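Peer 1: As given, the protein sequences belong to chains A and A', one line each in that order. A prime marks a further copy of an entry chain.
Take the first sequence: its letters are residues 10 to 406, 412 to 696, 704 to 722, numbered as in the deposited numbering.
Take the second sequence: its letters are residues 10 to 406, 412 to 696, 704 to 722, numbered as in the deposited numbering.
Each residue gets a CB set at the ideal place from its N, CA and C atoms; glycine is no exception.
There are 2 protein chains.
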Amino acid sequence: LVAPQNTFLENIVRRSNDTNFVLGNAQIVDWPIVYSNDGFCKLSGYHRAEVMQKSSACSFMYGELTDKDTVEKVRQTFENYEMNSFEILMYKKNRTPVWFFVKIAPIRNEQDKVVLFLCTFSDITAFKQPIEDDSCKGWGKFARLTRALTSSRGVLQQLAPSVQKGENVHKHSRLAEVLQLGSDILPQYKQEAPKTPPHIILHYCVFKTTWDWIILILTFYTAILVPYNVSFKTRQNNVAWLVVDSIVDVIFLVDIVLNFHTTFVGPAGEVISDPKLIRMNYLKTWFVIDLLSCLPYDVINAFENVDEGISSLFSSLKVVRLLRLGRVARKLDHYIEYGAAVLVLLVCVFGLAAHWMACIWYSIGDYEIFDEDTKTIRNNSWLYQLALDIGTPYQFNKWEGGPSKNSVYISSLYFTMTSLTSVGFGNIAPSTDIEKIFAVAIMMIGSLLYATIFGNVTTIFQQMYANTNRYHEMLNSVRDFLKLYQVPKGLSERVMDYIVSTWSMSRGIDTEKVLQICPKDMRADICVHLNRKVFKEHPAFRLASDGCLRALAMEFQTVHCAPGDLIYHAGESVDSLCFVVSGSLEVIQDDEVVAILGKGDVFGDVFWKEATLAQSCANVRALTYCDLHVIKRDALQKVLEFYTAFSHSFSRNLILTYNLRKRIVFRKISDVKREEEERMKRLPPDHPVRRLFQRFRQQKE
Amino acid sequence: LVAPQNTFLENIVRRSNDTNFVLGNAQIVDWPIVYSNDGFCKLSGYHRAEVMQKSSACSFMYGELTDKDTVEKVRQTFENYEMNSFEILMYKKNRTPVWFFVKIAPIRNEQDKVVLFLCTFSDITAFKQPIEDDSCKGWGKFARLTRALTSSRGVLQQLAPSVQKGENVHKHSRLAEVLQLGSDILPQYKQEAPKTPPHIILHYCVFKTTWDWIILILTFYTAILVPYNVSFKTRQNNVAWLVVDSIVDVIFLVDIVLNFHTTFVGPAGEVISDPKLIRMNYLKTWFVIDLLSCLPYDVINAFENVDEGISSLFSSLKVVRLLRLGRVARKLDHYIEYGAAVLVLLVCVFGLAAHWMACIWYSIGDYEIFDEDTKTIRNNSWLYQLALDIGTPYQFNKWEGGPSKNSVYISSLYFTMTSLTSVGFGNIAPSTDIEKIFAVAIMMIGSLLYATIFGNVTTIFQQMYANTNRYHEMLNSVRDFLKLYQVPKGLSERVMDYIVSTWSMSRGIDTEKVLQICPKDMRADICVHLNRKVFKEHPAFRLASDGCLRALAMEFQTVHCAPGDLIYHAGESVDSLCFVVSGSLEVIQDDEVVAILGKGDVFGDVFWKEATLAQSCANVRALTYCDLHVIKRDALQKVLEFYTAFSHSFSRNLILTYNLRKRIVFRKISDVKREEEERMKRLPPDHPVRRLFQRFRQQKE
Ligand SMILES: *[C@@H]1O[C@H](CO)[C@@H](O)[C@H](O)[C@H]1NC(C)=O
Ligand SMILES: *[C@@H]1O[C@H](CO)[C@@H](O)[C@H](O)[C@H]1NC(C)=O
């Protein structure tokens with residue numbers, strides 16, 4: 010957990026050394042106080058609420074005995090933006106005069122300009138001189154003064170009360186804390202990176218990551234080669250290999266040193282910046298093992314030119330270099346979260362395992378064929394069999415070797431692989447006592463390893479199919495439902511198409527869920543972004559405030575209607591106006607097209623004015639794949655109520671492209687023609710209908 | 010994403026060339042305007058709202074200087090349905106006279122009839138002649154005219170302001186855009202298919218799919234055979250094989266060409282219709298590799314009759330034909346969504362892998378046995394062993415061959431299969447250096463492949479058992495619960511039966527969930543379909559409107575009651591009337607059957623009239639598997655309130671088959687008999710009861 014943050018207060022607190030201060034805005038008129046620490050409150054005798062919004066020069070704290078010249082000077086300093094210190098008399102809430110050592114400082118910004126102020130205080134009551142308006146005695150006054158001035162005289166100037174002339178050194182020294190602050194009060198209130206000391210590298214750096222990678226590679230190499238060295242016995246013919254080993258050792262040593270320096274992450278503490286502490290932690294955790302791993306033994310052997318027994322035995326100690334793979338637990342934790350890399354890791358392990366077991370097998374073979382001092386080749390073991398098979402058996406004249419050093423290793427590896435992978439060819443196969451046991455052991459291990467690999471693979475398969483399989487299942491269910499309730503061929507098909515289409519468009523993402531997952535402000539922002547086509551285009555929302563916009567966005571849905579898929583049907587409740595950001599719709603009343611609705615159009619019903627739910631007078635079908643942005647009336651109404659000044663503006667602006675409330679008066683042409691035709695062709706039953714007519718007339722008014 | 014859509018506006022916009030227009034309904038009287046683009050609005054000086062519903066001839070735009078004859082002509086044209094162009098003077102909102110080149114056009118339909126109108130406009134102010142009612146000067150007027158007529162004179166007629174006599178060519182040319190429109194304004198407002206140009210085939214066609222399938226097959230064939238050719242060396246004995254290869258190459262070439270033409274789907278753009286663009290895209294993506302794959306090398310070799318070195322080397326280049334399987338990534342994306350086909354694909358891959366590795370093995374064998382120039386058969390390799398085994402070893406007189419060309423391949427394949435499948439018989443088995451390494455490699459590959467297959471199988475198994483296993487678990491849980499709370503033997507059993515029965519009926523489908531998954535209108539339609547047995551049968555809903563019906567459907571539940579499973583119990587709240595679409599129920603009051611309720615019956619309580627929740631006066635049991643359609647009173651009430659005219663009708667129509675509110679007055683026959691019997695057998706304590714009687718009497722009034 011790391012990010013750019015403006016840790017301003019914290020730094021000041023750290024520097025403090027148990028001192029008090031206040032903060033004020035520079036660019037605002039009268040220098041208004043915006044913050045005060047608890048110490049200051051304790052001192053002055055005011056709460057944080059009543060202190061804020063007052064002038065930073067402290068107009069409320071002045072009185073009769075306060076010097077005007079000093080105040081003027083302070084004002085001048087404020088105007089000019091300058092670091093200064095002043096001794097000045099001021100009153101408290103309870104009206105007791107106190108001398109304050111006011112150390113002013115202007116704070117710069119990340120844009121190099123002055124923005125905030127700082128002003129630290131300190132009591133110079135007992136130090137400067139005694140004055141009192143009303144008191145029980147002089148002694149009492151003195152006592153009171155002493156009580157007041159505890160922070161300076163108590164903890165910082167605690168070697169001073171024995172030695173005389175504190176004004177020469179002690180007060181000045183105390184002021185030196187403030188002076189230090191002057192540097193510690195230049196963090197500039199800037200959203201900066203986490204401050205780490207020099208001679209230390211970060212936990213999450215690029216360089217560090219590269220180094221880690223390199224170390225991993227080295228460890229892998231060591232794992233590969235050390236066992237080979239142990240078993241097949243190259244016997245350091247070439248010095249190049251030795252040199253390489255030495256280099257590796259050196260690198261390991263360097264890495265150890267780096268580790269001591271570098272930063273760490275705890276469960277509570279996300280970043281640790283203390284070097285000594287980190288060193289201690291390292292020592293506690295993993296130092297000893299690491300150090301044991303990385304001693305350059307070859308180098309040590311080379312120089313002294315001493316005992317043979319001492320040397321050979323020492324060489325044997327190289328077995329411990331296998332423990333170097335302890336570094337791998339850093340990325341194990343760093344890369345276990347991923348699914349796919351785990352498989353790779355497993356594969357690598359398998360390879361390594363095969364190598365190791367091959368080496369062991371070779372060693373066993375070596376042990377077996379010259380076990381007895383009588384020098385019996387024993388017609389058995391795997392190695393002998395191999396020799397017999399590939400040509401070049403064993404003979405004497412001494413003991414002449416059979417198979418080549420390179421081939422043998424390969425053979426061993428093959429055997430190991432067979433054992434592991436459950437193939438089991440059996441060209442090379444276990445015959446002897448120890449050998450058979452070893453084989454059994456490897457099989458036991460091997461099966462488990464294989465099983466684990468399989469499991470991992472299965473899990474991987476599951477965790478990519480899960481997103482689509484669920485969808486498939488859903489689709490199947492829908493189909494079954496349709497089959498069951500015997501839905502007509504067309505409607506069902508349409509539904510299916512819609513379902514498919516949504517999946518194609520979204521790629522399996524619930525928008526609401528995503529929104530929920532995001533926090534409040536972020537969610538609002540996202541919503542705003544989504545409805546940018548609404549707010550930027552239409553004239554209604556250009557005047558709208560930011561808060562208002564945010565509010566609107568939360569309530570705005572969005573609908574992707576298909577071609578020939580009607581939104582509002584004649585009779586249905588008009589409960590939401592709908593903006594058309596794209597596509598094209600048609601409005602059909604009495605099976606006749608009354609209105610086309612294209613890009614940047616609106617329809618629904620004016621709710622805020624009429625204040626009643628109305629029937630939809632006409633059908634509204636969509637022509638193309640039309641994107642609509644709709645909002646439920648109630649929510650909209652609420653929003654309008656909240657933002658009263660905006661409501662009027664909205665009313666003025668938002669002209670609906672077509673109201674679904676209003677009827678349209680019209681006749682069809684065919685009907686008219688028919689009427690005309692009839693015209694050329696052509704009292705007692707008027708009384709039953711006359712009454713009706715009268716009633717109608719009455720209703721009309 | 011493709012569907013039949015009436016992209017009417019878009020086509021017009023495309024044709025436009027920065028021009029304005031309005032749309033009006035032909036069949037409606039007075040030719041009402043239903044749409045106007047932004048350009049038109051800008052020109053005339055009106056919003057879209059006030060323009061709509063006016064006459065398309067523009068009665069509001071006329072004035073004093075407007076010619077009546079022209080208007081009459083326009084009217085005549087409208088009446089007759091005819092394409093014409095007219096120059097006519099009209100006013101704007103601000104009352105400035107303007108000459109408009111009004112290009113009228115009637116729009117046909119998919120049913121061949123005329124339905125909509127079009128009428129494009131263009132400013133002929135500066136072009137025709139100058140007239141003004143009020144003006145500052147002539148120059149000013151001219152300037153204004155110029156300002157007005159920018160679309161024609163600015164962009165279309167931009168080579169015209171140098172050359173004289175613009176009325177001869179320029180105006181006419183401008184009108185030619187309109188003329189073009191006349192063709193581009195014959196899309197007919199028909200829900201048509203997506204318009205694609207000729208010489209291009211669709212992405213999702215039947216023919217295209219077939220072609221793709223064929224290509225896949227060809228690729229498979231190539232994968233099978235090319236390696237065989239490389240390894241076993243038929244040496245083109247027959248020309249038939251060569252011919253086949255040539256044919257394949259030709260087909261591939263054809264496919265490439267087809268690909269250049271054919272359509273494409275992007276992430277944003279669902280269909281691409283531009284040919285050049287598609288070609289470019291193809292070039293960017295996959296052209297080069299494909300072209301490299303498909304050169305007919307054999308053909309090239311055949312004709313020239315040139316160098317042997319040149320030929321043989323060239324032949325070697327056929328290795329690249331393995332890369333032809335790049336076509337497979339089209340169906341990989343198309344068929345990864347399915348679970349079952351993936352298994353098949355994997356199997357195919359496995360087969361192919363086995364083939365390939367067999368070929369490699371054979372090659373290795375070939376390399377090995379005559380490695381040295383001394384011609385040493387070396388008593389080893391797999392091939393030699395095989396020869397020794399099946400009869401016919403090697404000999405000389412030259413070098414006579416041992417095993418047959420057909421058998422060997424088969425043997426190799428078998429070996430490969432053994433390696434892969436983890437069987438490992440070991441008739442054929444790795445003995446030599448390179449060979450052993452190869453074997454190891456194959457084992458490493460093979461195990462992984464096998465594991466993947468296993469994983470896939472497991473996933474498949476999971477994704478069909480998941481629907482039923484959950485159900486089983488649920489059942490188990492229910493059983494456990496019953497066991498725990500010690501529910502009586504009968505009730506528990508009944509519950510279990512019900513649970514089973516529901517599962518049997520539904521086949522594991524939550525109806526509500528399905529409904530939710532569907533969108534609004536679709537959902538409503540589905541609901542309506544479901545309650546077709548209600549609405550079509552009963553006389554209540556025949557008069558009901560469509561919107562009303564829709565509203566009702568949303569609120570209508572449906573219940574599948576078992577035999578002997580009572581719905582309403584005496585005392586329970588009657589909060590929902592219930593229609594019986596099927597089955598048969600009995601109503602039991604005081605342990606006596608008062609009413610049978612069969613098909614097309616109703617019961618519950620009249621809510622809308624009485625307006626109070628009442629106790630159920632009697633039990634209501636079901637006889638058979640009865641299907642009920644019920645609706646909660648509150649929802650129904652709301653619906654009724656919404657549709658006021660319908661409510662009265664509903665009240666008039668809906669006669670409940672039996673009210674659960676009302677008591678029935680009756681005596682049992684046995685009781686009567688008893689009373690009668692008693693009759694033949696047979704004042705001071707009247708005063709305690711007299712008071713009670715009096716009270717009762719009082720209550721009565
Ligand atoms: C090993 O077997 C060989 C024959 O293959 C034989 O001559 C020999 O005596 C055997 N070795 C021993 C120690 O018995
Ligand atoms: C191969 O083995 C045979 C006996 O099976 C033998 O006669 C021959 O000499 C061996 N070949 C070589 C090159 O040693």
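Could you check whether the Cβ of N388 of chain A sits closer than 7 Å to any heavy atom belonging to ligand 1?
Peer 2: For this step, residue 388 of chain A is matched to residue 379 along the first sequence. Yes; taking the cut-off as 7 Å, the Cβ of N388 of chain A has a heavy atom of ligand 1 nearer than that.
Peer 1: Which residue comes first and which comes last in the alpha helix (DSSP H) that contains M488 of chain A'?
Peer 2: In the second sequence, the residue the question calls residue 488 of chain A' occupies position 474. Segment 447-498, the alpha helix (DSSP H) holding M488 of chain A'.
Peer 1: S325 of chain A' CB to nearest chain A CB: under 8 Å?
Peer 2: The residue labelled residue 325 of chain A' in the question sits at position 316 within the second sequence. Output row for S325 of chain A': interface = no.
Peer 1: Per DSSP, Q629 of chain A is paired with what?
Peer 2: Counting from 1 along the first sequence, the entry for residue 629 of chain A is found at position 615. Per DSSP, the beta-bridge partners of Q629 of chain A are A:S587.
Peer 1: Beta-carbon of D398 of chain A versus every beta-carbon of chain A': anything under 8 Å?
Peer 2: Walking along the first sequence from the start, residue 398 of chain A turns up at place 389. Output row for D398 of chain A: interface = yes.
Peer 1: Could you pull the start and end residues of the beta strand (DSSP E) that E606 of chain A belongs to?
Peer 2: Counting from one through the first sequence, the residue named residue 606 of chain A turns up at place 592. That residue, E606 of chain A, is in no beta strand (DSSP E); it is neither H nor E in DSSP.
Peer 1: Would you please verify whether the beta carbon of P709 of chain A is less than 8 Å from any beta carbon of chain A'?
Peer 2: On the first sequence, residue 709 of chain A is found 688 positions in, with the first residue counted as 1. No, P709 of chain A does not count as interfacial toward chain A'.
Peer 1: Does DSSP classify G618 of chain A as helix, strand or coil?
Peer 2: Translated into positions along the first sequence, residue 618 of chain A becomes position 604. Strand at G618 of chain A.
Peer 1: Where does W222 of chain A fall in DSSP's three states?
Peer 2: Your numbering for residue 222 of chain A matches position 213 in the first sequence. Note: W222 of chain A maps to helix in three-state DSSP.
Peer 1: With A558 of chain A as the anchor, note down where its beta strand (DSSP E) starts and where it stops.
Peer 2: By 1-based counting over the first sequence, the position of residue 558 of chain A is 544. Counting along the chain, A558 of chain A falls outside any beta strand (DSSP E), and DSSP gives it neither H nor E.
Peer 1: List, in order along the chain, the chain A' residues whose C-beta lies closer than 7 Å to that of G578 of chain A?
Peer 2: By one-based count along the first sequence, residue 578 of chain A stands at place 564. By Cβ distance, chain A' contributes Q200.
Peer 1: Let me make sure I understand the geometry here. Which of A:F717, A:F680, A:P705 has the alpha-carbon closest to that of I37 of chain A'?
Peer 2: As a working mapping, residue 37 of chain A' is identified with position 28 in the second sequence. The shortest C-alpha separation from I37 of chain A' is found at A:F680.
Peer 1: Do you know offhand how far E176 of chain A''s Cα is from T79 of chain A''s?
Peer 2: If you number the second sequence from 1, residue 176 of chain A' lands on position 167. If you number the second sequence from 1, residue 79 of chain A' lands on position 70. Roughly 21 Å separates the two Cα atoms.
Peer 1: Residues in its own chain within less than 7 Å of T446 of chain A' by CB, not counting five upstream and five downstream?
Peer 2: The residue given as residue 446 of chain A' occupies position 432 in the second sequence. So the list reads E377, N389, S390, once near-sequence residues are dropped.
Peer 1: Using 8 Å as the limit for Cβ to Cβ distance, is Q476 of chain A near chain A'?
Peer 2: Locating residue 476 of chain A in the first sequence gives position 462, where the first residue counts as 1. By this cut-off, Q476 of chain A is an interface position.
Peer 1: Nearest chain A' C-beta to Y347 of chain A closer than 8 Å, yes or no?
Peer 2: If you number the first sequence from 1, residue 347 of chain A lands on position 338. Not one chain A' Cβ lies under 8 Å of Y347 of chain A.
Peer 1: What number of angstroms, rounded off, separates the C-alpha of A185 of chain A from the C-alpha of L334 of chain A?
Peer 2: Translated into positions along the first sequence, residue 185 of chain A becomes position 176. Translated into positions along the first sequence, residue 334 of chain A becomes position 325. Taking the straight line joining both Cα atoms gives about 53 Å.
Peer 1: Assess contact between the stretch 514-532 of chain A' and the stretch 560-573 of chain A, defined as three or more Cβ pairs (one per stretch) separated by less than 8 Å. Is contact present?
Peer 2: Touching, no.
Peer 1: Are three or more beta carbon pairs between the stretch 446-457 of chain A' and the stretch 427-437 of chain A nearer than 8 Å?
Peer 2: yes
Peer 1: Judging by CA-CA distance, which residue of A':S25, A':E88, A':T228 is the nearest neighbour of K687 of chain A?
Peer 2: Counted from its first residue, the first sequence places residue 687 of chain A at position 673. With distances taken between Cα atoms, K687 of chain A lies closest to A':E88.
Peer 1: Who are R718 of chain A's beta bridge partners in DSSP?
Peer 2: Within the first sequence, residue 718 of chain A is the residue found at index 697, counting from 1. Beta-bridge pairing links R718 of chain A to no other residue.
Peer 1: When the Cα of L125 of chain A' is compared with those of A':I133, A':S131, A':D132, A':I116, which residue comes out closest?
Peer 2: To locate residue 125 of chain A', count along the second sequence from 1; it is residue 116. Of the listed residues, the one whose Cα sits closest to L125 of chain A' is A':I116.
Peer 1: Do the stretch 199-217 of chain A and the stretch 40-56 of chain A meet, that is, are 3 or more Cβ pairs less than 8 Å apart?
Peer 2: no
Peer 1: Count the C-beta pairs between the stretch 596-604 of chain A' and the stretch 608-617 of chain A that are closer than 8 Å, then say yes if the count reaches three, no if not.
Peer 2: no
Peer 1: Less than 8 Å between CB atoms is the rule here; does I531 of chain A' satisfy it with respect to chain A?
Peer 2: The sequence position of residue 531 of chain A' within the second sequence is 517, counting from 1. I531 of chain A' counts as touching chain A.
Peer 1: Need the endpoints of the beta strand (DSSP E) that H643 of chain A' sits in, please.
Peer 2: Locating residue 643 of chain A' in the second sequence gives position 629, where the first residue counts as 1. 640-646 is the extent of the beta strand (DSSP E) around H643 of chain A'.
Peer 1: Below 7 Å on C-beta distance, what does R681 of chain A contact in chain A'?
Peer 2: For the purposes of this step, residue 681 of chain A is identified with residue 667 of the first sequence, where counting begins at 1. Those within 7 Å of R681 of chain A in chain A' are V38.
Peer 1: Which residue wins for smallest C-alpha separation from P577 of chain A, given the options A':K199, A':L32, A':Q85, A':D132?
Peer 2: Within the first sequence, the letter at position 563 stands for residue 577 of chain A. Minimum Cα distance to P577 of chain A is reached at A':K199.
Peer 1: Looking at the strands, I want to know which residues DSSP matches up with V107 of chain A'.
Peer 2: Start at 1 with the first residue of the second sequence, and residue 107 of chain A' comes out as number 98. Note: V107 of chain A' sits in a beta bridge opposite A':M99.
Peer 1: Mapping DSSP to helix, strand and coil, what is residue 407 of chain A'?
Peer 2: For chain A', the structure lists 406 followed at once by 412, and that leaves residue 407 of chain A' out of the model.
Peer 1: Classify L304 of chain A' as helix, strand or coil using the three-state DSSP reduction.
Peer 2: Indexing the second sequence from 1 puts residue 304 of chain A' at position 295. Looking at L304 of chain A' - three-state DSSP - the assignment turns out to be coil, as it is neither helix nor strand.
Peer 1: Give me, in chain order, the residues of the same chain whose beta-carbon lies closer than 6 Å to that of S64 of chain A; leave out the 5 immediate sequence neighbours on both sides.
Peer 2: Looking up residue 64 of chain A in the first sequence gives position 55. Answer for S64 of chain A: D39, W40, listed in chain order.
Peer 1: Could you tell me whether any Cβ in chain A' is nearer than 8 Å to the Cβ of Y464 of chain A?
Peer 2: Counting from 1 along the first sequence, the entry for residue 464 of chain A is found at position 450. By this cut-off, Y464 of chain A is an interface position.
Peer 1: Going by the C-beta, is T383 of chain A closer than 7 Å to any heavy atom of ligand 1?
Peer 2: Taking the first sequence and counting its residues from 1, one reaches residue 383 of chain A at position 374. It does not: the Cβ of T383 of chain A is nowhere closer than 7 Å to a heavy atom of ligand 1.
Peer 1: Please report the distance separating the alpha-carbon of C128 of chain A from that of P276 of chain A.
Peer 2: Against the first sequence, residue 128 of chain A aligns to sequence position 119. Against the first sequence, residue 276 of chain A aligns to sequence position 267. Taking the straight line from one Cα to the other gives about 38 Å.
Peer 1: Is there a Cβ of chain A sitting closer than 8 Å to that of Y582 of chain A', yes or no?
Peer 2: The residue you call residue 582 of chain A' lines up with position 568 of the second sequence. False, the Cβ-Cβ gap to chain A never drops below 8 Å.
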